[PDB]
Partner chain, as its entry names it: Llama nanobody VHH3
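The chain below stands alone, shown as structure tokens; this is the form solved without the partner chain.
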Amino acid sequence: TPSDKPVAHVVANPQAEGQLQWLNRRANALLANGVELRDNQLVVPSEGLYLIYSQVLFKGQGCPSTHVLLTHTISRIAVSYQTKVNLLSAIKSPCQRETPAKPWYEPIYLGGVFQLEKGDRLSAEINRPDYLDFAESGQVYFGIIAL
């Protein structure tokens, strides 16, 4: 008998270069037991503890003049407070200095366990989609597992 636990693993659309579009319709991506992907946001079907997790990968060929600051954030939009509450966040400076030009790879991973309500809208956002790496699949994903 299949599991009744809400789950979801959405992935970046690799053709949507310049955005971070989460897909559920894509091979090895998934929504189940009530979880929805609406408006680039996961929608929690029922209260409980969820494991939330996301990976994003950044890439640049060399370091430019302006300082590069990469951020990744999992936000929450509750029905009783319909403004983004940050759940998880992290920030990486992949460049110490400007190149006087080998390629760099900055992943950002966020995971934790949080209490969610029914109708919670979860988003996972980055500041610089132009540095996202869609070179092969599996690298950029966002997902939840009810515990």
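Positions refer to the first chain, counted from 1. Superpose the two forms; the largest set of C-alphas matching within 1.5 Å is the rigid core.
**Student:** Consider 17-25 and 120-128 separately and indicate which one has Cα atoms farther, on average, from the shown form in 6 other deposited structures of this protein after rigid core alignment.
**Tutor:** Between the two stretches, 17-25 moves farther in 6 other deposited structures of this protein.
**Student:** Rigid core superposed, root mean square over structures and residues, which stretch has C-alphas farther from this form in 6 other deposited structures of this protein, 7-15 or 134-142?
**Tutor:** Between 7-15 and 134-142, the one lying farther away in 6 other deposited structures of this protein is 134-142.
**Student:** Note whether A101 lacks coordinates in a third or more of the other compared entries that model its flanking residues.
**Tutor:** In at least a third of the comparable entries (those modelling both sides of it), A101 has no coordinates.
**Student:** Does a third or more of the other compared entries skip modelling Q61?
**Tutor:** Result for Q61: never missing in the compared entries.
**Student:** Classify the number of deposited-sequence residues missing from the model between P100 and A101: none, 1 to 3, 4 to 9, or 10 or more.
**Tutor:** 4 to 9 residues are missing.
**Student:** Mean C-alpha B factor from the entry: is it higher for 62-70 or for 40-48?
**Tutor:** According to the entry, 62-70 carries the higher average C-alpha B-factor.
**Student:** Do the C-alpha atoms of 78-86 or of 106-114 have the higher average B factor in the entry?
**Tutor:** According to the entry, 78-86 carries the higher average C-alpha B-factor.
**Student:** For the listed residues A124, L132, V10, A135, which one has the largest C-alpha B-factor as given in the deposited model?
**Tutor:** The listed residue with the largest C-alpha B-factor is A135.
**Student:** Checking the record values for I91, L30, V35, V56, which has the greatest CA B factor?
**Tutor:** Of the options given, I91 has the highest CA B-factor in the PDB entry.
**Student:** Check where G143 lands among this chain's C-alpha B-factors and tell me if it's the lowest, middle or highest third.
**Tutor:** Lowest third.
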